[PDB]
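Since the structure comes first, as structure tokens, the remarks are kept for the end.
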Amino acid sequence: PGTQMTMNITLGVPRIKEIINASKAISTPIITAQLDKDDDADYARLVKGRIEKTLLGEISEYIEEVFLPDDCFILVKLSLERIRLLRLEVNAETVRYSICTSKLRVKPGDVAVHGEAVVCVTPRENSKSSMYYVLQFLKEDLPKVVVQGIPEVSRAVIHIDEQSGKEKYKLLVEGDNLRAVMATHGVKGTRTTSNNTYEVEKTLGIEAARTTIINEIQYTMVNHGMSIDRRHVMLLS
Amino acid sequence: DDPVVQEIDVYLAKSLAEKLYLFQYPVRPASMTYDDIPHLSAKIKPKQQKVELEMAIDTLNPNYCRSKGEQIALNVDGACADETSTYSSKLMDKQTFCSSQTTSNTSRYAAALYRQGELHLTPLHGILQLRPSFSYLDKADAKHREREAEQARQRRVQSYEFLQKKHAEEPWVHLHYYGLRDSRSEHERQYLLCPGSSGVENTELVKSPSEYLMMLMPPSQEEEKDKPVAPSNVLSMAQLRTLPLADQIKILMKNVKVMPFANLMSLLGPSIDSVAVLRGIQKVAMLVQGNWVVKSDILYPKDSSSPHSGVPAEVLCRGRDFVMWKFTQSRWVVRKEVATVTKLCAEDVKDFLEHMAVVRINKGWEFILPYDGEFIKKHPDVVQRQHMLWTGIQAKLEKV
Amino acid sequence: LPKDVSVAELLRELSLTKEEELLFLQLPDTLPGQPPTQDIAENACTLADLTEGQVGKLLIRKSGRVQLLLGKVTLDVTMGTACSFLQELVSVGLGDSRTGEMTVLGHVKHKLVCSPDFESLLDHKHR
Amino acid sequence: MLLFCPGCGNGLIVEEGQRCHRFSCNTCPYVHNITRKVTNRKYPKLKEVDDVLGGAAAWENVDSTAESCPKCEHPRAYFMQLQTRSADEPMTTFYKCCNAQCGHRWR
Amino acid sequence: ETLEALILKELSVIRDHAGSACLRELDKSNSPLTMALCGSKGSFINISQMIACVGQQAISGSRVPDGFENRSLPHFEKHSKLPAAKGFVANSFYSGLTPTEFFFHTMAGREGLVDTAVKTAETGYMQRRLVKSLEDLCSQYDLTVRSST
Amino acid sequence: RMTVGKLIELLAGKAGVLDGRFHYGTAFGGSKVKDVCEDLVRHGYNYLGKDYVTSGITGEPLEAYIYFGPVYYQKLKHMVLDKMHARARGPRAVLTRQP
Amino acid sequence: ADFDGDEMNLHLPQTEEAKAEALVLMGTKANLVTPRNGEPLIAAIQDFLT
Amino acid sequence: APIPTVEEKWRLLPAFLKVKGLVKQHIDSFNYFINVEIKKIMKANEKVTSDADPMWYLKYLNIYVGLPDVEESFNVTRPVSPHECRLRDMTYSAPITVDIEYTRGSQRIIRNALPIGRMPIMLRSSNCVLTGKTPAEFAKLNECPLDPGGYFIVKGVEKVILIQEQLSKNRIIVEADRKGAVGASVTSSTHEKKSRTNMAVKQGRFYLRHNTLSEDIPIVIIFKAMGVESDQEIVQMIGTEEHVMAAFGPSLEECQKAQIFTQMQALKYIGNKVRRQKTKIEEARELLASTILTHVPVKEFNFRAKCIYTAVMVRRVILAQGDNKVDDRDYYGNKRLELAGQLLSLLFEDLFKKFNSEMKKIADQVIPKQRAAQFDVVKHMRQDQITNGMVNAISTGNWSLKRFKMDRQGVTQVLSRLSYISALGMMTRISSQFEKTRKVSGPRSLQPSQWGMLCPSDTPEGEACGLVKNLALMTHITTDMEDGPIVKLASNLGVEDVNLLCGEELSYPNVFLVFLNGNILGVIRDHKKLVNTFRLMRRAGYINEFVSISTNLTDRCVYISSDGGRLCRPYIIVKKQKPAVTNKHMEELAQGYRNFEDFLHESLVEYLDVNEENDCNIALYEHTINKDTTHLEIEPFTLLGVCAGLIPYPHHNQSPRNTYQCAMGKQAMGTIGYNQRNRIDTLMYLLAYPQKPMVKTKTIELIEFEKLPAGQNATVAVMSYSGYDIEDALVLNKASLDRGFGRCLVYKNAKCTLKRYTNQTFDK
DNA sequence: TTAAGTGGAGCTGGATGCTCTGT
DNA sequence: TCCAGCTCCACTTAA
RNA sequence: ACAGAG
Ligand SMILES: [Zn+2]
Ligand SMILES: [Zn+2]
């Protein structure tokens, strides 16, 4: 069937090639996740915002440097209206804790939480191939810190079904961390899968990886109109 | 759109034609002028124009970190030498400016002192960009490093060292500086004007637009090595200067096998000698059925090979001339098998005819253009001498 | 900021203010003249070959058109790239072999560009 | 923000002096005492979208309806046509059929 | 991208309502209709494409990409998203194609040719790996599948 | 394969030999179908080239009409007499003793 | 195969066992269905369906 | 009111094919080679001097080629026809004769006709015997009048130098790396040196990579080495927008970490990174003066005009990281075609420099040592270095030139004489640059840039699908131009010099750059007056009509391309919704008063380039003309090539059928020419009773196909008969094959040579 | 203070469809 | 032209 | 080493 055939997905010959090569990183990994309260989208956006990577610059309405005669620092004002509409669990104290994670080794004494929206980051000497004018480094690096969600998930999306007798809301996640998306509050972790067999082997065992190889080869063969008896892909897996 | 405003006179002065330069600073904005800072030395080389300046920066202002100035002055100078020294005191006192040469030719630039109602030009002798120098850090590193420790045909023109040795031979020329606030800056500023009347008709600039266009866009080749006698179908619509007119008729009639009389006046225009030229045109074309027809000698001299495939044939120009003679006596060539009477190939006759006519069914060919008037030009006698000459041509045909 | 034009350039220097201003205008490569007894070849004719006296007239037309009638031909004047750095117009005089005078005449703000009107030059005799 | 020395035109750095923080050149004595509040605001792009999708109308905004599939014959359909394999001299089609939510996808 | 989907919606309605209008007026004992009803050679897409309307010429699942700056060919205006400027043929193979429609249909055909040509080296190495890895397995007499070892 | 061009080449050729013309088949132009349909009726043939055809095996007429005309076939260089090949046992290589 | 200038190969087996493994296992009457999904391949084609 | 149509518009195509297009391409390149370029090669090598013992020299004055001759047994020479060179298995060449001036004590000893080699003369060129003859004089040369020529004869075989497709040299390519980073590059090709420089952003800071530097150095150190020392001037030249400065900042902050602040410091830093082949300062200064960006000229170590260029490169990298507008390698404004002349120029230059070096080595051996009698180098002018080089590099097809690092293989192929179309279809082939390295699917596709330049349908099927391509019917390839009046005109149209300005004007919204083949002519405001004035000066005839000008409104650059080897195509100028061509003009064309260049000079027909038809609007037919149209298509059937021009009604077929016909039509048995009986080839196929097609394209009339056709008109009934016609098989008539239908002839060859050995013995 | 075990980054070596048919 | 192993180098814990 | 064919 390879001679007949060739959220984006890869199908055809490169999909079968990525399956049988069994490499640790595939192009376009997709984690499909089920929700426990699949009734309405107000619950879906909460768990969507709990797993999708959100940057600090995406919620800050301005990030300013302030030079004073006694001290210099960097000020970040959070846009709490967007936090209200995106339904996120972030405020000043959580951003203070998301900073001091692998950024320049800032100290917790250097970061203050003066309001509920303002956060000032006073910098110190990097002292290793950098000038104390490293304020410019945090001017362009601090907007790329993560404050909420999983660092490996590029994007997540809400996908709704087609049936007329029901309406349930699943969650197609484009990422490469199965263990994290299974483990968040509100995601039905017993019924969520992946396309990358390496993550399924690492998390759920060798037998689930065998089942994943069977399902994924049969799915790719069905989507191009081919038809193989399941005993052949069973022997391959 | 008439010139509704400001018919402004434009003058020209030459008293500063070889003194005026233009110093521009690429790093300094237009607000922060150097009008206030005192100057110390002004150096120049007149040929290979390169200017070096030195400006004295103060120290009593708050913008001079004396802690860093003492260290940089200790770095560049010696500690207590002061025989020759970059800075005089124990501080960085001066800032040196170096020039870079913009262009080779400043012949086309002009400075314009716009007064009211008029405008005065003056050429520029040079255009120089002055940038702040960083040679003192290199001198500091020099003082810091000295404290620690039958030949072939050559290319010396394209080396940096020989170039610097060529530039080192010129002696410096020291200059007094005079700022913008001096009265001399107001005194010498009037030399950009010229003493002249309001209305003068210029002796120069008398050239025409087409001469000016030919001067700024010169012709590629002054004369070509070969000469085109024109057997190759060069541009008939281009009145080539070096071709005679009659040869442009020869090449045209070789192209356009039949043409009307009036097109000669339409292509040459009435400035040609349109009466004498018939002793030229008679040798290359003859009028038949109200129109011109190309003569035989233009197409094939008597040694030409067959121009087509199939069985080769030799040239026989009276085998053409008899055919064009038949168009002169009859209405047309009107019968089926003239190729048997004249013996040559049908592939000759039906190909020759195809450049002057179009076929109708059975009755040969149709003459492609209508019967214009012979008597448009004034000549009465040619109407009879043409019959004498075609009678002679017929008598020539009667030999074969 | 908007980009001013040559008719707005000459109006503000004439009507708005009486104060003079130093311009910096470029010319075409050859000026439409003969070098007057300069021992030639039909080479380039520049300002270094002409004499003092009136060289031409400047016509500001209706609707912003500005021409430089420099004899029988009219050139075209356009504002060049607008410089915003410092430019100083200086006189360097070598009155002696080893010493001389340097004097600053003023600051140059604007730059003008002259160019031949090729459509009008070509429409006299088409080719 | 980039600020440059009026003297030599190198880039200034912020450092601290004995009375104020200063912009200072690295190559000349020039310093500029920060006497009053000076600021530079970035104003970055917020995360503008929320992006719910996958609605049935977002699925059936394609031409085909009331045709016939060889499996379940239902009218509400979603078709596709391909030709980009010229080893296949015949045409190529694929069909989706979802009136009774049966969900076939064949050639 | 919303505009693209709506234009592909409106253009592909034209091929269906043009193709379901020609098949209603074809008589029986038509030869392509007989050859398409018995499935021997052809289909209804081919009959409706060489009588009624050649459809949208699609390259990589989308309309024809711009080869020049902001347009497909110089024959159309810049930033035009019309049907004719991005590869919608309106003619059939009976009435013949215009120059731009012929060039776009040739663009859509060379993709099929090049996918056929690339398909061969794309697949044969995969089958070589599968055969070299799976050639040892056998079904024994005790109903098990064992390797050679 | 949708070669309507052959189906029009046949009709243009049949309409061209019956009155002695060469109908053009130029790209993006050429002689239309509406003109060659009128040259076939004038010479007594059907206007779509389909002819009443008698079978030569049985002698009875065929039910459908058959589409006759001249089509320009060209002969290619691939002939079977240059490709039929066989070998019982013959010369072998020297390094690897195999044919 | 498509009969457009197509070349196919031939092999005459030279042993009795090479015959009988070719007739019983590899014959056309014993290979009507494909081993992939059990569908028949040797069946009618154009002008046998029409 | 309908727009009136000029009906004789098609006539512009038979008047075009008398002069340009249809193997006149190869001939106008080979004549260009043997008329000017062999004089430019001799001028570059006019004087040679032995290193030992000076005051002795050889001086070349003039070089010629002349008419083909053959050298025979008893030193009799004679002119030769190309068919005699086909039969006897020799090469068809004319002797290169150069005149010299050398020293034998008497300091001026001259010669005038010293034969130093033999140049293979291409058929129907300006020195072949066939050119300018009548058809009944081709008969005594045993030559067909319809043989297109454009090929060589080397040892009896007919070899064709194919058209090679390259990338345009000296052009900034902003592309994405494998890692996703956006970089830049320019293959700075000049005559003497080819090298690629880069611009990499591997850490958010800018490095510059070259094959001479063992580690890619930051860009601000390069600016400081090139004479601009203030960082403010660097940021002026890059850009004065806010986000541009924010993107460029970490490269200034990197350069301030090291102590580089002076040009001597920067040259000291760069000199200690040089791969060693005064060391520190001068081997860095000369490396920046002649190897990095070598097509940009520095005159007296004034590095201003190279700083502006590398600032343009860095600004394009920065502005391409913002929005992903990376350049494609497939737009044919960035392709250049290389004909036979531009290859034989490089080959002859390499062979000629090896000739001068071998003679200089011989002179260095014989002058200091042998004898006081003044030798001459005339006694050591062995001809067999030039002839063997030319013949071996044409006949084999490998072009190993050490001086230029070119190692092409498979350049020449044997001219295929299966039919007539096969011989004419090969003379329009374009091989590609990659040549099947991997299954690319990027250049194998059909780009829309090939409109009317290359054939949409004619391509091979298989591994070379979309890599071997064929020209259109009405295309033309430029030669290299003079560059005389372009700079002199451009400096009068208000182009300001780039030296009279800092870099800040490059960020203004009204200042465009004017390039000329990769070099900067300066800046300009109001670019539309420039473009219109330049096109009027081209239509009048002051600028050569193959000089195209264009505008890129995104990158704010105005390109002027005067280089050679790029595609052109004629069009009709349309002004205010009416074409410039009237019925009176076409009647004057048909009657003979004017030719095609008369349409060129009167601003009726101008040539467009692929870069310039990006800016124009072109109507196919007259009824498509609206107010924003500038050009009208002459004939739309010129879109198809030569092999696709046999197809009757090709716009009704599905598109792969035309490709299969472009493949199969070359293999049809037919006739070769009028000398097909006097010709002895390896394998010749003929048909006994050929017939010309009953339905024919105008292209068939143009290429004279029906003077010697390939095929027979078969009476075809379309029906299902007997069941032996299932998959593409067709039933024939037994009583038609007997009467002569399908009867072919197969001509083969068997040759045998009988040589004389060095030992006085011989075959018999 | 430093010994040590483990991350991340660059270098290296491997691979890229089956046959006939001719020069 | 794309992709697994091998080796080098900073970066914490732990004494 | 190149061109073909399926
Ligand atoms: Zn400074
Ligand atoms: Zn279904």
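Ligands are numbered from 1 in the order shown, residues from 1 within each chain, and chains are lettered A, B, ... in the order they appear in the structure tokens.
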Review point. Stretch 47-108 of chain B: which residues are alpha helix (DSSP H) by DSSP, as a ChimeraX atom specification?
Key: /B:66-76
Take the residues from that selection and put them in a file with N, CA and C atoms, as a tab-separated table (two decimals), in the first residue's frame.
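Generated output (result10.tsv):
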```tsv
chain	number	residue	atom	x	y	z
B	66	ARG	N	35.96	62.73	36.06
B	66	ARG	CA	37.39	62.98	36.19
B	66	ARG	C	38.14	61.74	36.64
B	67	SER	N	37.46	60.82	37.33
B	67	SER	CA	38.09	59.58	37.75
B	67	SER	C	38.46	58.72	36.55
B	68	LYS	N	37.62	58.71	35.52
B	68	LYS	CA	37.94	57.98	34.30
B	68	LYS	C	38.88	58.78	33.41
B	69	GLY	N	38.81	60.11	33.49
B	69	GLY	CA	39.68	60.94	32.68
B	69	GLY	C	41.13	60.87	33.11
B	70	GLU	N	41.37	60.82	34.42
B	70	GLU	CA	42.73	60.65	34.93
B	70	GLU	C	43.32	59.32	34.51
B	71	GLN	N	42.50	58.26	34.51
B	71	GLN	CA	43.00	56.94	34.13
B	71	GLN	C	43.29	56.87	32.64
B	72	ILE	N	42.43	57.46	31.81
B	72	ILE	CA	42.67	57.40	30.37
B	72	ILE	C	43.83	58.31	29.98
B	73	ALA	N	44.05	59.40	30.73
B	73	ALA	CA	45.20	60.25	30.46
B	73	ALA	C	46.49	59.60	30.93
B	74	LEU	N	46.44	58.83	32.01
B	74	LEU	CA	47.60	58.05	32.42
B	74	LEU	C	47.87	56.90	31.45
B	75	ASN	N	46.83	56.37	30.82
B	75	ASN	CA	47.02	55.28	29.88
B	75	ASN	C	47.65	55.77	28.58
B	76	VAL	N	47.15	56.89	28.03
B	76	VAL	CA	47.65	57.34	26.74
B	76	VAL	C	49.04	57.96	26.88
```
Exercise for review: Show me which residues sit within 10 Å of ligand 2 when counting only C-alpha atoms (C1' of nucleotides) and all ligand atoms, and put them as a list in words.
Suggested key: residues 68, 69, 70, 71, 72, 73, 74, 75, 76, 77, 78, 95, 96, 97, 98, 99, 100, 101, 102, 103, 104, 105 and 106 of chain D
Could the residues in this selection be written to a file with N, CA, C and O atoms, as an mmCIF file, in the first residue's frame?
```cif
data_model
loop_
_atom_site.group_PDB
_atom_site.id
_atom_site.type_symbol
_atom_site.label_atom_id
_atom_site.label_comp_id
_atom_site.auth_asym_id
_atom_site.auth_seq_id
_atom_site.Cartn_x
_atom_site.Cartn_y
_atom_site.Cartn_z
ATOM 1 N N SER D 68 -25.014 10.012 -2.931
ATOM 2 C CA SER D 68 -25.081 8.600 -2.582
ATOM 3 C C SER D 68 -23.672 8.078 -2.342
ATOM 4 O O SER D 68 -22.812 8.179 -3.224
ATOM 5 N N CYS D 69 -23.434 7.531 -1.132
ATOM 6 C CA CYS D 69 -22.271 6.737 -0.773
ATOM 7 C C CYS D 69 -22.577 5.255 -0.982
ATOM 8 O O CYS D 69 -23.736 4.840 -0.895
ATOM 9 N N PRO D 70 -21.584 4.407 -1.260
ATOM 10 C CA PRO D 70 -21.856 2.974 -1.428
ATOM 11 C C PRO D 70 -22.045 2.193 -0.136
ATOM 12 O O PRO D 70 -22.164 0.967 -0.199
ATOM 13 N N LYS D 71 -22.078 2.845 1.023
ATOM 14 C CA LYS D 71 -22.176 2.155 2.303
ATOM 15 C C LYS D 71 -23.517 2.368 2.984
ATOM 16 O O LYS D 71 -24.175 1.396 3.365
ATOM 17 N N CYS D 72 -23.948 3.618 3.149
ATOM 18 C CA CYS D 72 -25.139 3.892 3.936
ATOM 19 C C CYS D 72 -26.098 4.880 3.287
ATOM 20 O O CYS D 72 -27.132 5.184 3.891
ATOM 21 N N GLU D 73 -25.782 5.404 2.099
ATOM 22 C CA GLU D 73 -26.698 6.086 1.182
ATOM 23 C C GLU D 73 -27.287 7.384 1.737
ATOM 24 O O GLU D 73 -28.250 7.909 1.166
ATOM 25 N N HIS D 74 -26.740 7.926 2.818
ATOM 26 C CA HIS D 74 -27.393 9.036 3.496
ATOM 27 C C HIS D 74 -27.117 10.363 2.781
ATOM 28 O O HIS D 74 -26.078 10.523 2.134
ATOM 29 N N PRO D 75 -28.045 11.327 2.874
ATOM 30 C CA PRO D 75 -27.844 12.600 2.157
ATOM 31 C C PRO D 75 -26.780 13.521 2.734
ATOM 32 O O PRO D 75 -26.027 14.120 1.955
ATOM 33 N N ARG D 76 -26.710 13.695 4.055
ATOM 34 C CA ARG D 76 -25.755 14.639 4.640
ATOM 35 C C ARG D 76 -24.341 14.092 4.499
ATOM 36 O O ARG D 76 -23.966 13.126 5.172
ATOM 37 N N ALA D 77 -23.553 14.717 3.623
ATOM 38 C CA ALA D 77 -22.269 14.169 3.220
ATOM 39 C C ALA D 77 -21.202 15.255 3.169
ATOM 40 O O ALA D 77 -21.480 16.454 3.254
ATOM 41 N N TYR D 78 -19.961 14.794 3.011
ATOM 42 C CA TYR D 78 -18.756 15.624 2.995
ATOM 43 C C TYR D 78 -17.766 14.972 2.037
ATOM 44 O O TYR D 78 -17.131 13.976 2.392
ATOM 45 N N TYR D 95 -15.013 10.137 0.492
ATOM 46 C CA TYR D 95 -16.311 10.632 0.913
ATOM 47 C C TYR D 95 -16.500 10.455 2.406
ATOM 48 O O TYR D 95 -16.039 9.468 2.983
ATOM 49 N N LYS D 96 -17.184 11.405 3.024
ATOM 50 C CA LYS D 96 -17.576 11.304 4.417
ATOM 51 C C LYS D 96 -19.090 11.418 4.454
ATOM 52 O O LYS D 96 -19.673 12.200 3.699
ATOM 53 N N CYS D 97 -19.734 10.634 5.311
ATOM 54 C CA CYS D 97 -21.187 10.558 5.312
ATOM 55 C C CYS D 97 -21.658 10.518 6.756
ATOM 56 O O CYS D 97 -21.345 9.570 7.482
ATOM 57 N N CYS D 98 -22.413 11.536 7.175
ATOM 58 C CA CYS D 98 -22.672 11.711 8.601
ATOM 59 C C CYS D 98 -24.108 12.124 8.899
ATOM 60 O O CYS D 98 -24.349 12.924 9.809
ATOM 61 N N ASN D 99 -25.095 11.629 8.142
ATOM 62 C CA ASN D 99 -26.473 11.957 8.510
ATOM 63 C C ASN D 99 -26.882 11.170 9.750
ATOM 64 O O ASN D 99 -27.398 11.741 10.717
ATOM 65 N N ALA D 100 -26.664 9.856 9.737
ATOM 66 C CA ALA D 100 -26.944 9.024 10.893
ATOM 67 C C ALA D 100 -25.707 8.858 11.761
ATOM 68 O O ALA D 100 -25.675 7.967 12.621
ATOM 69 N N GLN D 101 -24.706 9.721 11.544
ATOM 70 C CA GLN D 101 -23.387 9.679 12.181
ATOM 71 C C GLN D 101 -22.704 8.331 11.973
ATOM 72 O O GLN D 101 -22.092 7.775 12.888
ATOM 73 N N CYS D 102 -22.801 7.801 10.754
ATOM 74 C CA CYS D 102 -22.230 6.488 10.487
ATOM 75 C C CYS D 102 -20.728 6.584 10.240
ATOM 76 O O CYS D 102 -19.965 5.723 10.693
ATOM 77 N N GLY D 103 -20.285 7.622 9.536
ATOM 78 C CA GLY D 103 -18.881 7.980 9.553
ATOM 79 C C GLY D 103 -17.990 7.166 8.643
ATOM 80 O O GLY D 103 -16.848 6.864 9.009
ATOM 81 N N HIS D 104 -18.473 6.803 7.460
ATOM 82 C CA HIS D 104 -17.643 6.070 6.517
ATOM 83 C C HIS D 104 -16.627 6.989 5.859
ATOM 84 O O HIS D 104 -16.841 8.196 5.723
ATOM 85 N N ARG D 105 -15.505 6.400 5.452
ATOM 86 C CA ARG D 105 -14.464 7.145 4.752
ATOM 87 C C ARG D 105 -13.766 6.139 3.842
ATOM 88 O O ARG D 105 -12.884 5.405 4.293
ATOM 89 N N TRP D 106 -14.163 6.108 2.572
ATOM 90 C CA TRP D 106 -13.657 5.106 1.643
ATOM 91 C C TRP D 106 -13.255 5.788 0.345
ATOM 92 O O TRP D 106 -13.340 7.010 0.208
#
```
Practice item. Can you tell me which residues come within 10 Å of ligand 1 when counting only C-alpha atoms (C1' of nucleotides) and all ligand atoms, ideally as number ranges by chain? Key: B: 132; D: 4-12, 24-31; H: 230
Practice item. Rounded to one decimal place, report the atom CA of residue G:45-atom CA of residue D:92 distance in Å. Key: 18.7 Å
Practice item. Find the residues around residue E:58 up to 8 Å (only C-alpha atoms (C1' of nucleotides) counted), leave out those fewer than 6 positions away in its own chain, and share them as an MDAnalysis selection string. Key: chainID E and resid 64 87 108
Those selected residues, please, written with N, CA and C atoms and delivered as a CSV table (one decimal), in the first residue's frame.
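Result saved to again.csv:
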```csv
chain,number,residue,atom,x,y,z
E,64,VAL,N,-4.1,28.0,-6.4
E,64,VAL,CA,-2.8,28.1,-7.0
E,64,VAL,C,-2.0,29.2,-6.4
E,87,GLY,N,-7.0,29.9,-10.2
E,87,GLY,CA,-7.1,28.5,-10.8
E,87,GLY,C,-8.4,27.9,-10.9
E,108,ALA,N,-1.4,21.7,-12.1
E,108,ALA,CA,-2.0,20.6,-11.3
E,108,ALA,C,-1.7,19.2,-11.8
```
Point to revise | Close residues, residue E:20 itself excluded, 10 Å, only C-alpha atoms (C1' of nucleotides), min 4 positions apart in chain, as a ChimeraX atom specification | key: /E:14-16,24-25,44,48,52
Point to revise | DSSP-assigned strand (DSSP E or B) among stretch 132-283 of chain H, expressed as JSON, numbers by chain | key: {"H": [152, 153, 154, 157, 158, 159, 160, 161, 163, 164, 165, 166, 167, 173, 174, 175, 176, 182, 183, 184, 185, 186, 187, 188, 189, 194, 195, 196, 197, 198, 199, 200, 207, 208, 213, 217, 218, 274]}
Dump as CSV the rows for residues of chain H within 9 Å of chain D: closest atom pair and distance in Å with one decimal, only C-alpha atoms counted, ordered by chain and rising residue number.
```
residue,atom,partner,partner_atom,distance
H:229,CA,D:10,CA,8.6
H:230,CA,D:9,CA,5.3
H:231,CA,D:10,CA,5.0
H:232,CA,D:9,CA,5.2
H:233,CA,D:9,CA,7.8
H:242,CA,D:1,CA,8.5
H:245,CA,D:2,CA,7.6
H:246,CA,D:1,CA,7.7
H:249,CA,D:2,CA,7.9
H:252,CA,D:11,CA,8.0
H:253,CA,D:11,CA,8.7
H:256,CA,D:26,CA,8.6
H:261,CA,D:27,CA,8.2
H:656,CA,D:86,CA,7.6
```
Output file for the selection above: C-alpha atoms, as a JSON list (two decimals), in the first residue's frame:
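Saved result, again28.json, follows:
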```json
[["chain", "number", "residue", "atom", "x", "y", "z"],
["H", 229, "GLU", "CA", 34.43, 52.86, 14.26],
["H", 230, "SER", "CA", 31.54, 54.59, 16.03],
["H", 231, "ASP", "CA", 28.73, 52.23, 16.97],
["H", 232, "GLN", "CA", 26.23, 55.01, 16.28],
["H", 233, "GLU", "CA", 27.15, 54.95, 12.60],
["H", 242, "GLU", "CA", 12.78, 50.75, 17.32],
["H", 245, "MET", "CA", 17.57, 48.42, 17.03],
["H", 246, "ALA", "CA", 16.13, 46.07, 19.64],
["H", 249, "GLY", "CA", 21.45, 45.38, 20.19],
["H", 252, "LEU", "CA", 26.80, 45.63, 19.95],
["H", 253, "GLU", "CA", 26.65, 44.28, 23.50],
["H", 256, "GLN", "CA", 31.71, 45.70, 23.75],
["H", 261, "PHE", "CA", 37.13, 49.78, 19.73],
["H", 656, "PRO", "CA", -0.49, 14.41, -18.85]]
```
Practice item. With a cut-off of 8 Å and counting only C-alpha atoms, select all residues of chain F in contact with chain E and give the selection as a ChimeraX atom specification. Key: /F:2,4,28
Residue subset to file, keeping N, CA and C atoms, as a PDB file, in the first residue's frame:
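Everything below was put into selection.pdb:
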```pdb
ATOM      1  N   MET F   2      -9.631  11.395 -21.011  1.00  0.00           N
ATOM      2  CA  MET F   2     -10.277  12.640 -21.416  1.00  0.00           C
ATOM      3  C   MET F   2      -9.530  13.318 -22.553  1.00  0.00           C
ATOM      4  N   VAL F   4     -10.382  14.632 -25.549  1.00  0.00           N
ATOM      5  CA  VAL F   4     -11.387  15.109 -26.482  1.00  0.00           C
ATOM      6  C   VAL F   4     -10.699  15.600 -27.747  1.00  0.00           C
ATOM      7  N   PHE F  28      -5.226  26.960 -28.583  1.00  0.00           N
ATOM      8  CA  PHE F  28      -6.076  28.067 -28.152  1.00  0.00           C
ATOM      9  C   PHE F  28      -6.779  28.733 -29.323  1.00  0.00           C
TER      10      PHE F  28
END
```
Check your understanding: Near residue F:62, within 8 Å and counting only C-alpha atoms (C1' of nucleotides), which residues show up once chain neighbours fewer than 3 positions away are dropped, as a PyMOL selection string?
Key -> chain F and resi 52-55+65
Given the selection you just returned, output its residues as a file containing N, CA and C atoms, formatted as a compact mmCIF listing (two decimals), in the first residue's frame.
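Contents of out_1.txt, freshly written:
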```
# COMPACT_ATOMS: atom_id res chain seq x y z
N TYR F 52 -23.55 4.26 -40.25
CA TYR F 52 -24.24 2.97 -40.27
C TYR F 52 -23.26 1.91 -40.73
N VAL F 53 -22.97 0.95 -39.86
CA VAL F 53 -21.87 0.01 -40.04
C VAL F 53 -22.40 -1.41 -40.01
N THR F 54 -22.05 -2.18 -41.03
CA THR F 54 -22.41 -3.59 -41.14
C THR F 54 -21.26 -4.45 -40.65
N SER F 55 -21.57 -5.43 -39.81
CA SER F 55 -20.55 -6.35 -39.33
C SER F 55 -20.07 -7.25 -40.44
N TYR F 65 -23.88 3.08 -33.68
CA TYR F 65 -23.15 3.64 -34.80
C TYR F 65 -21.68 3.77 -34.42
```
